[PDB]
2 protein chains.
Amino acid sequence: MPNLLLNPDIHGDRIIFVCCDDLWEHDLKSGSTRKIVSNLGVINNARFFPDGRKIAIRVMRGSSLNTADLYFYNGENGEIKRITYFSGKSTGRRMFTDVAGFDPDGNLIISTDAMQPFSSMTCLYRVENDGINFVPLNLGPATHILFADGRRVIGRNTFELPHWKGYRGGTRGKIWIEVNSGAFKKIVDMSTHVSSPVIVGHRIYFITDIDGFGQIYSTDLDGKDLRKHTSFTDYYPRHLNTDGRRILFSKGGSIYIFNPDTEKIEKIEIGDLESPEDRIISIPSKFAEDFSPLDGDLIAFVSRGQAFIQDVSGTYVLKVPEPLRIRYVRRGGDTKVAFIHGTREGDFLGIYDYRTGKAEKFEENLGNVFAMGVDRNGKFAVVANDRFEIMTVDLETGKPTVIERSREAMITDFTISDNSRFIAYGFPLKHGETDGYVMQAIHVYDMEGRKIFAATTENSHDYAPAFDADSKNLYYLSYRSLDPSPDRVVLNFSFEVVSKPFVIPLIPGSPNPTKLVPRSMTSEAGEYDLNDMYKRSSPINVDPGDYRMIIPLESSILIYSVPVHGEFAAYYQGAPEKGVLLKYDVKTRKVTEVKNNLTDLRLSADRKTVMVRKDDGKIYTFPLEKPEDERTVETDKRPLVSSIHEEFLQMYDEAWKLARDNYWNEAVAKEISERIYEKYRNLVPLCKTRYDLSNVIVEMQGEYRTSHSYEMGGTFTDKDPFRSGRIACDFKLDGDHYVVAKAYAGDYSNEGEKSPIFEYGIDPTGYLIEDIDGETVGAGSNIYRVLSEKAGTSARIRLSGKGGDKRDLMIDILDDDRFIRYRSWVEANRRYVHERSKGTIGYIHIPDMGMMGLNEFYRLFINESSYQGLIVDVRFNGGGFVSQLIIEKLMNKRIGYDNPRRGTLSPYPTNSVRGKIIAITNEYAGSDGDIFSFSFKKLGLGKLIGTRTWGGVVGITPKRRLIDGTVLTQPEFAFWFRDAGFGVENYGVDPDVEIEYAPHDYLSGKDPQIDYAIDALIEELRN
Amino acid sequence: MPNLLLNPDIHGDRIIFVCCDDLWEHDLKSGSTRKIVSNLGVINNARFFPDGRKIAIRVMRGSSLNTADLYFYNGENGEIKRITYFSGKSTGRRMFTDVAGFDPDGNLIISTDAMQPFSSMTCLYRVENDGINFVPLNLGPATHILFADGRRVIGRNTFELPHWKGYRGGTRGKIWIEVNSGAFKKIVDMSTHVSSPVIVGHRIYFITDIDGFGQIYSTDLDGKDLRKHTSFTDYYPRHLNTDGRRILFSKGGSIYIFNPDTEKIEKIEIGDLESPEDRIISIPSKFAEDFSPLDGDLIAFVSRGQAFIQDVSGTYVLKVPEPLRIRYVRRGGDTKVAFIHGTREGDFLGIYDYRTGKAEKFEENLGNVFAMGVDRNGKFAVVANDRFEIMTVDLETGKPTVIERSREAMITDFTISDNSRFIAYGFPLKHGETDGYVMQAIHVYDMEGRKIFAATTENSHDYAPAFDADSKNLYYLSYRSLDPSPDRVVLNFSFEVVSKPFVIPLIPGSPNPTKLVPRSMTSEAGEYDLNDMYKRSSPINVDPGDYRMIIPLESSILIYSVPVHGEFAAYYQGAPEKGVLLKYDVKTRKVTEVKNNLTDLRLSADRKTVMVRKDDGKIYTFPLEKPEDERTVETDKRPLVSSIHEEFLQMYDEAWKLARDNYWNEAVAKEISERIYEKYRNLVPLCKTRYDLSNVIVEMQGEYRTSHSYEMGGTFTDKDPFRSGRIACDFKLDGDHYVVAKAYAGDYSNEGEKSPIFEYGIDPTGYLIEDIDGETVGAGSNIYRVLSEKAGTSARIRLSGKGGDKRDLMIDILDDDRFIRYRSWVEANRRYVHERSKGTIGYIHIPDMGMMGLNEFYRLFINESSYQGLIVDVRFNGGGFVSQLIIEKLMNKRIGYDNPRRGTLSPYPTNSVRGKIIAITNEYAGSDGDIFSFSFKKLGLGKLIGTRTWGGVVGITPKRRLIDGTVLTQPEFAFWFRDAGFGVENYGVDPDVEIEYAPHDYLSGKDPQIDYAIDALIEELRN
């Protein structure tokens, strides 16, 4: 049982590498191997100091390794010590805040975006007094820094990119070198991405796949005389490191050595190192999914691929006797439950009787199932898959029978009447093949006659069908009640509350039950007739809102309502959507709130029990008769039991299957998938930690050589995330005291855009921080750490300014202050543009193409659009999908004005730019950022300035998580530009005028891109 | 910075030892050292298997290392694996469930009490299939097992005893050896304790301090030819281990080697090994103590020797600027607080102004302070110390001034009137010096006149004084309302509800305010006169109960009441006492409940705010006006910050100081303390973990060579305790199925005395366990582990018996089943005695002298006391303090009878034994068990059978915990027997008839002690 070895470093005969998230050292001389540091969290990088004594270590924390910081290790005494309390943000693809290199004097230089407004701005800092002080190198963003003959060698974006092999976009690793104690020149800028640079002798060695596969290459300190030193074909090599004589690297889970003076390469022998307990325990609620109420007040729920039948208290628990991957569980009868079992071949319907213990499992493959339901009479089930098919599966035999297939999207919204006769479901459709909107009409399938009827017209979005217990009327919801709501900031309107319920009587001549038409006055007593039933449709007198479900009951109707809310929290913090359960009394037509803070709701078969999930993440259950008597469903009384290796294989196969099933190009997916399966599967058995599996899975994802192949979430550690204490200030260790070097502030009147000290009426800039909470900080006391320990609370800070100016305030200590730095940056550039253009040019920045981008764009757009010129800076734009909505605004051509008796002119359109527009972009703007960039040029809105963009334009829409919560993405939607095809993918967008931002530009404190932008517009504004 | 090394083992040139709770291996040949296993919890023992490849490891879990289990380590692949799921109970002094040795075939033999009714019954088991099965050796309790020339060598109680040096009691380690494939003979039984036995060649080497200090000795396999091989004088040697050629051991934190063939000893060189981060973070609530309400709705609380002023939400927090050991914090004024700072020299009064930040700290030593209060006017404080003095400390200067000194106990119950003029306090007293009861009278000190008056008489217990806001009446409580409550089981009565409140008007001629005497009819308007004020005392018309506090308010009186409850939970589970806050309306005289589930209550200076702690451990605060508006006091918003080394030094000094201050003999304490301080202090800086400090502290505690020097609680790890799944059954691996070998049951009708399977109406004995919760158990499936993971819930168990007898039940899986085993044992012995004496002899067992012993004694006493003879088995009796109450019952001599018209004779006394009594005791009965034993003989109640007892009769009453929760105990009360002095200490009690229970007795399944007891009584019963 060998281990997966990676990320090595070397010094003489000693070699340190990572194994099982812990750091190991190996001695070539004796062949001995030992763990020198562990239990710190997941370690992904370790670097020997010059002397080969101390070791800088990067370690990640937070279940999803969402945070990271650096530690020092002194091999002499075996002392460990945290150096940075920045709590840097990191992701698998971008594992920022790391060791950058070492300076001549032996000092550690780190790369971090912790004090920057943008994550890609990983600026270089010289570490001092072990984290007491940080000195900026001002060389701009960089991943590696080397030193050759007194010359600084800069490596930009030179980290590894296993998730995207053959990458050739604008963010591809490049190398620069100093030529004149401040003058820099780019010396390595190949077609492909260059990573892990090192220097042996007077040559720079790096990795690249310019030839189709990862190999080691080198050039002189001028980028001339290229040479290929390896011919690997099994696994890409990674993480080059050296001591000055030999080069170390990992490959296929092993450590290799390359001697430049011999061009000889050899695998170091390590063998078995650690095999932890395979059987692990987990908290079921942590991975719980799908919670459903059963007869007898029992509960069923899925967690980590396992299923369980239990009482609400969680004292009596039964595990479903079925191997890994149960996706869904559903009431199938008195003591029976149907379930969906997933394997590598696909999804299958299964049944389990928890009273007798029997559990058959059909062999008919249903495809990739995303919805499942069983009729109240336990005769058949209804299933939806990714083939866009809706079908019934005979629970007796297993024979699936397709009812209908949509060609637009999945048919997951359906319901079965209580008499098991009809099936109502939302059927996605389009009027045209290239139509921008997908409509949805409700369809009804009659088991007798086996014919499909149209419950509703196809002009909008109809959903949430529900039959009344008697099976006489079909209720459902629609977004057909168009009525606009005004925007409070921008001249705009949208449909916020246009949801309303409707009903359809299954017997013609029968009226809408909620209309309360006297029975004596209605001559019903007809028979079922679903023909032209959409004509008999009728609404129910309920105020329009945003409804997600309607449950018709005897003398009332329950409705799930979602109040209008912003999308920022849900978009960047996974914040769940808060709903409330309403009750509509049919007789009094009065509405009332039955339960709030809801995030999900399920209803019993007999409509008597209600199961819900609230905003606190907990699951509750209450009788529909007495909602005041709810109980909390306990699931953690019993540990979840599993096998690391069984899960790892399962997860790898699923990741591999998703990558294949969702790749935008099917043909390509066929070859790529089959050609990489076994290769990466062979490494799975060597994995013992989640991080190990990640290394393997991401590498197999890179085989698609396409953008947007990510791995998010998941449980890699149980260590609490690193914390950082922030007050939006920059400290400088001057003498033996810290001085506020800078106090950040954007718009003083906005929320959260300045240092909390401003609230006391003083600008902290220039003051000395005497102490925090009675503890002296300074020369001998790391202010970053002290703040770290007060994050999230208020601490008494003692400040000293000009003269006897002494202050004693209770300061809020933030957990983060990125946004404050960001807005400060924006206002700075905005002030700068106004001053340099003498008040003739506006400025707007767009951070991403998501919700934040929409905020920032309008936040400044409403005040900067009426200058003679306008600069639209989209540098560092993280993408998303709203580029089209913004482009639309910038496309508005001003063609008129409004002349008032009093006041000033009003432009028409209101949302139009007044004059010339100029766009600024860089290699850090990508995806929707790529699309916006290409678009701006394509529509001729103005000139595009900067550097070629990222080049990743194949979008994603994940719809599955691994059994551990992990969310993998697959490039499923290839963007095609008219007159460019898919070309932007793996290339990016070239600016009309290329303006590099070299390292010497940063040293001079000048932004060449913005200056050119200003100068250019000024030149254009002379008419 | 060297580390503390301990508990080593050797095999060739490799040597494994423990450092920082982790396991290390060291190679003598290369001098290399490495950590081979970590993050498992605290490891205290590791043993090499025969081949020198696998390693058996004992690891502890639970914050207080309250649990333990064994693991295997395969150095070949580096595989780790849990072997036992017994979750054995352990304590520092008794670290049970360990490796016992290895058999010739290379099989591991363990010692454990996990399946026994008594913790001392650490029986020997041979491990099989890595924990799948355990085979009993039936050699009785044993710590070590060795093999010499096919002969089994047994070591009883041979573990180390660092907390009791020079121990010579009945439980001292002894060695036995086999002489005839079943016949055993005791061969090493010295005056002192023998530990860590090993065999090199044909000699047994062990440790002992027969000469005054720990040294290594050896004898031949007959116990003859004793030899001393070392002459240490610095630190006792410990943990002997060998490979057959050399002997390994630890001393003063270093590893040594002893070569028997040379008699040469040398320290192995290891040097620095690991120095973790000194600065640690802690959860404040985990170590919180003392919570007090301040002005402005602020809160003050002490935690881990630190103090803090915060708002109830815990968002605004101030740490008091004072070095380690703040014991108490109290409101001193608007924005001032008084505190008690403790150092090695003693306790000091200090003041801190949290508004200005100033914080003076007086230098006058107050002694060991146990109570502190400040007057409402911030002029002076009141303090109580262990010198039994009550005093006032001028908060302006610091000059303490003793008011009065008690010669019985501390004066910690006091109060100060609102006008700061009087001080009322409980004054402990005795009528005679040798009086068995300490009385308590309330005393009042008048600052003007400086005279002390008697508020109450000295005939009982008066407490909880409280002045009314106007300072006109003194309220207090008393246990003077004698009224008996009947016992439901035994003919007995006790005072349960005899607490009643009383008041005393400070102005003679003024009536009891709660009597509602019309003002017009009372001619008050007098002046203060405290003379003979105890004569004017008056009660308030409130039903008697168990009151702990009285708070007089304007038109009502608050009273804290504690419902009558059992003591078992509080005695063995630390369960807190539940109280309720009552309100007594002075006008209507009606009482009502204001708040329940309380465990503690504090009241504001202005009597407007109430702060409480509830049974959930959380702290709450509510206005006295609207108790429905309580808020939870949050304290964990901010991490607690400290330094390992500063705390370790602090804790060691405190432990050392307590050991000196509380030792029963002052003279002795003077010499012992000063002679050991530096010696053990030098090891503290080598400690990096709590377990490290424990090794050092306990060793310094052993220097007192007295019993009852323990170390309990504390936080050693953050690992969850080991769990064990029990169903009160013994499984046997027969073939590839487990069969219930034994199904335990005591009294089927009592609560918790049988296997939960019995509730289904079947005896599981003989059945086969097919599976548990769908999972097959047997040959390839450790049932202990499966159960382990279901503990605390119900699982479906499939059983198979005679023929097609198949059962499927939901069985409760217990977390423990010791009590069930215990009662089963007792009922077995009880049945046995009845059958062997032909129904002429009764039987009773006493497990301890605490609450459990009281239960068990009466549980059988009421049915076994009227036989011709009676056996009182007190074997394994854990001690406590109720021996005197039990001896009293056994002392009752029957001298009469009651003759009824109908029915049978009633004996007088009812609680008398009818005939001859016989006591049984062993070396596992100690302390109060020693006392009971000595007593039985001394009073001539009957003959005493068995083996000499433990020998620890110097009692404890701890009253301080270390800053981490640790509870240390000091032998403070030397028991003196008339005509024996303190002799029993470190010796025990010799039985009239010695009856060894040798290893071959256990092999024959016979209890020689009980048989002799029966036979003896039978012989005595022939008259």
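A, B, ... follow the sequence lines: proteins, then strands. Residue 1 opens every chain.
Annotation: salt bridge (charged side-chain N to carboxylate O under 4.0 Å, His left out) contacts of A/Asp600 (sequence neighbours excluded): A/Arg602. In terms of the salt bridge (charged side-chain N to carboxylate O under 4.0 Å, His left out) criterion, residue partners of A/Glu524 (sequence neighbours excluded) are, by chain and number, A/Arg519. In this structure, B/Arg798 has no salt bridge (charged side-chain N to carboxylate O under 4.0 Å, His left out) partners at least two apart in sequence or on a different chain. With sequence neighbours excluded, the residues satisfying side-chain contact (heavy atoms from CB on, under 4.5 Å) with A/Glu364 are A/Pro400. For A/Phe502, the ring-ring contact (aromatic ring centres under 6.0 Å, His included) criterion is met by A/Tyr476, not counting sequence neighbours. By the ring-ring contact (aromatic ring centres under 6.0 Å, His included) test, A/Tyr475 is found to be paired with no residue, residues two or more places apart in sequence or in another chain being considered. Under the side-chain contact (heavy atoms from CB on, under 4.5 Å) criterion, A/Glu458 pairs with A/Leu429, A/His431, A/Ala441, sequence neighbours left out. The ring-ring contact (aromatic ring centres under 6.0 Å, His included) test applied to A/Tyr352 returns no partner, not counting sequence neighbours. Partners of A/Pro323 under the side-chain contact (heavy atoms from CB on, under 4.5 Å) rule, at least two apart in sequence or in another chain, are A/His341. Partners of A/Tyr571 by ring-ring contact (aromatic ring centres under 6.0 Å, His included), not counting sequence neighbours: none found. Looking at residues two or more places apart in sequence or on another chain, you find a side-chain contact (heavy atoms from CB on, under 4.5 Å) between A/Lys626 and A/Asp629. Remark: A/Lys336 pairs with no residue by the salt bridge (charged side-chain N to carboxylate O under 4.0 Å, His left out) rule, at least two apart or across chains.
With a 6.0 Å radius and a threshold of 12 heavy atoms from other residues, nucleotides or ligands, A/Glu527 has its CD atom at or below the threshold. Counting heavy atoms of neighbouring residues, nucleotides and ligands inside a 6.0 Å radius, atom CG of A/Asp636 exceeds 12 of them. Counted within 6.0 Å of CD on A/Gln573, heavy atoms from surrounding residues, nucleotides or ligands total more than 12; the atom is thus considered enclosed. Taking a 6.0 Å sphere around CZ of A/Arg355, one finds it holds 12 or fewer heavy atoms contributed by other residues, nucleotides or ligands. A 6.0 Å sphere centred on CG of A/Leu553 holds more than 12 heavy atoms belonging to other residues, nucleotides or ligands. Atom NZ of A/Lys379 has more than 12 heavy atoms from other residues, nucleotides or ligands within 6.0 Å. Environment of NZ in A/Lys608: sparse, with no more than 12 heavy atoms of neighbouring residues, nucleotides or ligands closer than 6.0 Å. Shown here is A/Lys451, whose NZ atom has more than 12 heavy atoms of other residues, nucleotides or ligands within 6.0 Å.
Without hydrogens or angle criteria, A/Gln306 side chain to A/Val641 main chain gives a donor-acceptor distance under 3.5 Å. Listed for the A/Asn365 side chain is a donor-acceptor partner under 3.5 Å among the backbone atoms of A/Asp347. Checked by atom type and distance alone, the side chain of A/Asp446 never pairs as donor or acceptor with a backbone atom of A/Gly449 at under 3.5 Å. Of the possible polar contacts, one joining the A/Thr621 side chain to the A/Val610 backbone as a donor-acceptor pair under 3.5 Å is found. With hydrogens and angles disregarded, no donor-acceptor distance shorter than 3.5 Å links the side chain of A/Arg548 to the backbone of A/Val562. A donor-acceptor pair under 3.5 Å is absent between the side-chain atoms of A/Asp470 and the main chain of A/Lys472, judged by distance alone. A donor-acceptor contact shorter than 3.5 Å links the side chain of A/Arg330 to the backbone of A/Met372. No donor-acceptor pair closer than 3.5 Å links the side chain of A/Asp532 to the backbone N or O of A/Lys535. A donor-acceptor contact shorter than 3.5 Å is absent between the side chain of B/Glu770 and the backbone of B/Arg807. Looking at A/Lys500, its side chain does come within 3.5 Å of a backbone N or O of A/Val542 through a donor-acceptor pair.
With 3.5 Å as the limit, one finds no donor-acceptor pair spanning the side chains of A/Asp546 and A/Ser499. With 3.5 Å as the limit, one finds no donor-acceptor pair spanning the side chains of A/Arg450 and A/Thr401. A donor atom on one side chain and an acceptor atom on the other are found under 3.5 Å apart for A/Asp462 and A/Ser478.
A/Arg327 has no carboxylate O lying under 4.0 Å from a charged side-chain N of A/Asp290, or vice versa, which leaves the two without a salt bridge. A/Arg304 and A/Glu647 are joined by a salt bridge, as a carboxylate oxygen and a charged side-chain nitrogen come within less than 4.0 angstrom of each other. The existence of a salt bridge linking A/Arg631 and A/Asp297 is confirmed by a sub-4.0 Å separation between a basic side-chain nitrogen and an acidic carboxylate oxygen. Here A/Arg376 pairs with A/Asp418 in a salt bridge; the nearest charged N to carboxylate O distance falls below 4.0 Å. In summary, A/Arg961 and A/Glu289 do not engage in a salt bridge, as defined by a charged side-chain N under 4.0 Å from a carboxylate O.
Partner of B/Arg796 under the salt bridge (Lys or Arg N to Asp or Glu O under 4.0 Å) criterion, out of B/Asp773, B/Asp812, B/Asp771, B/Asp808: B/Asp808 alone.
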Q.
Determine whether A/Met447 and A/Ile423 satisfy the following criterion, side-chain contact (heavy atoms from CB on, under 4.5 Å), listing intermediate values before the conclusion.
A. CA-CA 8 Å; A/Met447 305 282 278; A/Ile423 293 161; 4.0 Å; yes
**Q.** Working for side-chain contact (heavy atoms from CB on, under 4.5 Å), residues A/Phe622 and A/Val612
**A.** CA-CA 8 Å; A/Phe622 54 96; A/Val612 306; 3.7 Å; yes
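Of all heavy-atom pairs spanning A/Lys361 and A/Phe339, the tightest one is CD-CE1, 4.0 Å. Contact between A/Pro511 and A/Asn473 at its shortest, heavy atoms only, is O-ND2, 4.4 Å. The two atoms that bring A/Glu363 and A/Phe348 nearest to each other are O-CE2, 3.3 Å, heavy atoms only.
Residues A/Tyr479 and A/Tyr463 bring their aromatic ring centres within 6.0 Å.
Under the 30°/60° scheme for interplanar angles, the aromatic rings of A/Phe308 and A/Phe301 are found to lie parallel.
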